[PDB]
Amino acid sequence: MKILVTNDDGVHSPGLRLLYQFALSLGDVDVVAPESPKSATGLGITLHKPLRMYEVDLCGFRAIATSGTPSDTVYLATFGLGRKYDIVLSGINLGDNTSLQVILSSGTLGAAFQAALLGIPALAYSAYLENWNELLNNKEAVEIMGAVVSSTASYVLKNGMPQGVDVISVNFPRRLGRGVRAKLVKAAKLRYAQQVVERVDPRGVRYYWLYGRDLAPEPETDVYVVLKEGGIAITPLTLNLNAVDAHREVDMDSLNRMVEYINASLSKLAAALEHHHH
């Protein structure tokens, strides 16, 4: 299997390195990602200018950095490869990507969306963390995150995407302990309240902070499972935005079997983690 590993926080992100390491057990892995953080490159297909691709050494392994957006990645990657990848894994985004409001403006999900539109299986991974050090220093947390990525990705590499699902988005909670389990859950519509904070800069010119307030999460939504339950949220997304198509079909049981496969791997792991640190 040929696997594309990418992200939107920059080719130098520690989260991208982790994803690469987790994917090594699945097949031949290539890393291609934008050179800068999405706060520098916008979102969406680049039509106005050409792109550049270049090798970077993430010390221990090589990757290709691009001058494009995360949406451009799959196209550049496919071209670089000479053919389409068997699966695209996007992430280990620094920060959660819960709710449709965020999903729709996320470069992490943007890269998986274009891959999915090209008919390629796609998964996105995000972690509810403010920085990487906490995670990096927690061997166990890293192994659990790895078990989740490996099982979701291999389940898809083996069975294909569940019917009616284009992208599966995985969000990890702030604390990854041995009892953490995954749950199939839909995305909330909104994450951030509309409250705007108005201020005045040193020179008296007004400025505004948007999205400073979180809405209270509702049960059975990705936001709630991650923030309040501290569970791993697994969210199946469809890119069929056509309203005409109202009676759709999703293989719900295949989704449930994938989650059960994830939780079995987590149990097997927590079993081992004890007999060892016995």
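Heads up: residue numbers just count along the shown sequence, starting at 1.
Visitor: Once you work out the mean C-alpha B-factor for both 140-148 and 164-172 from the entry, which is higher?
Guide: Here the higher of the two C-alpha B-factor means belongs to 140-148.
Visitor: May I ask you to compare 110-118 and 193-201 by their mean CA B factor in the entry and name the higher one?
Guide: Here the higher of the two C-alpha B-factor means belongs to 193-201.
Visitor: Going by the CA temperature factor in the entry, name the top one among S39, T66, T238, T235.
Guide: The listed residue with the largest C-alpha B-factor is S39.
Visitor: According to the Cα B-factor stored in this entry, which of the following is highest: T78, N93, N131, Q101?
Guide: Comparing C-alpha B-factors across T78, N93, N131, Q101, the maximum falls on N131.
Visitor: Splitting the chain's C-alpha B-factors into thirds, which one does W209 fall into?
Guide: Lowest third, going by the recorded CA B-factors of the chain.
Visitor: What third of the chain, by the recorded C-alpha B-factor, contains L273?
Guide: Highest third - that is where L273 ends up once the chain's C-alpha B-factors are sorted.
Visitor: Name the third of the chain's ranked CA B-factors that contains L135, choosing lowest, middle or highest.
Guide: For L135, the deposited C-alpha B-factor lands in the highest third.
Visitor: Could you say whether, by C-alpha temperature factor, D222 belongs to the lowest, middle or highest third of its chain?
Guide: Answer is lowest: the recorded C-alpha B-factor places it there.
Visitor: By the record's CA B-factor, is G60 among the lowest, middle or highest third of residues in the chain?
Guide: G60: CA B-factor falls in the highest third of its chain.
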